[PDB]
Structures are given as structure tokens and as C-alpha cells.
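In the entry's author numbering, the protein residues as written are 1856 to 1970.
Ideal Cβ positions, reconstructed from N, Cα and C, are used throughout, including at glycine.
All remarks here apply to the structure that follows.
Written out as C-alpha cells, the structure is:
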């Protein structure tokens, strides 16, 4: 509350560490469904169904340009990518399985880096 603060958690490396995580996600062999925005002209149903499209390149641009206020808003967009994928793709599909694999990969890096 006013003039009563919990001790200051060092957030000075968060930008660099989120960038490293995002590099690792970018270079994963199952990243290919997520590297670029889904083409809303060429994929029937995507525009209407997926209210907030997100992809690694869009996260990378937001990260590079100071559009994440803190590391939690960064994790929200990464998870959005996987939540979108699960909304649109069957679990038993290459892209569906890619999404599960990447989300697992991300959540471990997240925990190991920050928890």
C-alpha cells in the first residue's frame, strides 16, 4: 500500500532473458506453424474465429520495440500463440502436436529461468 512495499525483485535482465527464450522457441524444429502470422486471406475461418492472432515474429517485434510492459505480458502473448493453435487445430494433426510440444518447451524454460 502507500509507502509499504515488498522487497524489489530484480527485473533488469528480464528483457534479455525473454529474448533468449524467444530465440530458443524460434529455432525449435516444431516452430514452423508459429513463425509468421497466419495468412487471414488464405485460411478460411481464421479471421472470424481467432479473435487475437499472435505469432513469434509479432512477439519478436513487440519485444524489440518496448511494447511489453513486463515479463508477464510477454508470457501472455506466447501462451496466446498456443491457445490459438489449440482452438483451430485438431490435437491429432501435425500443427496440433507442434503446439502442444512448443507450449511444453516454453513452460519449462519459463519456470527454469524465472521461478
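message = I need the straight-line Cα distance from residue 1960 to residue 1929, nearest angstrom please.
response = 16 Å
ask   = To which residues of the same chain is residue 1890 closer than 8 Å at the C-beta, ignoring the five residues directly before and after it?
value = 1881, 1910, 1911 and 1912
inquiry  = Taking only three categories from DSSP, how would you classify residue 1857?
reply    = coil
inquiry  = Given this structure, state the Cα-to-Cα distance separating residue 1968 from residue 1962, to the nearest angstrom.
reply    = 10 Å
ask   = For residue 1895, which residues from the same chain have a beta carbon less than 8 Å from its beta carbon, with the 5 sequence-adjacent residues on both sides left out?
value = 1901, 1902 and 1908
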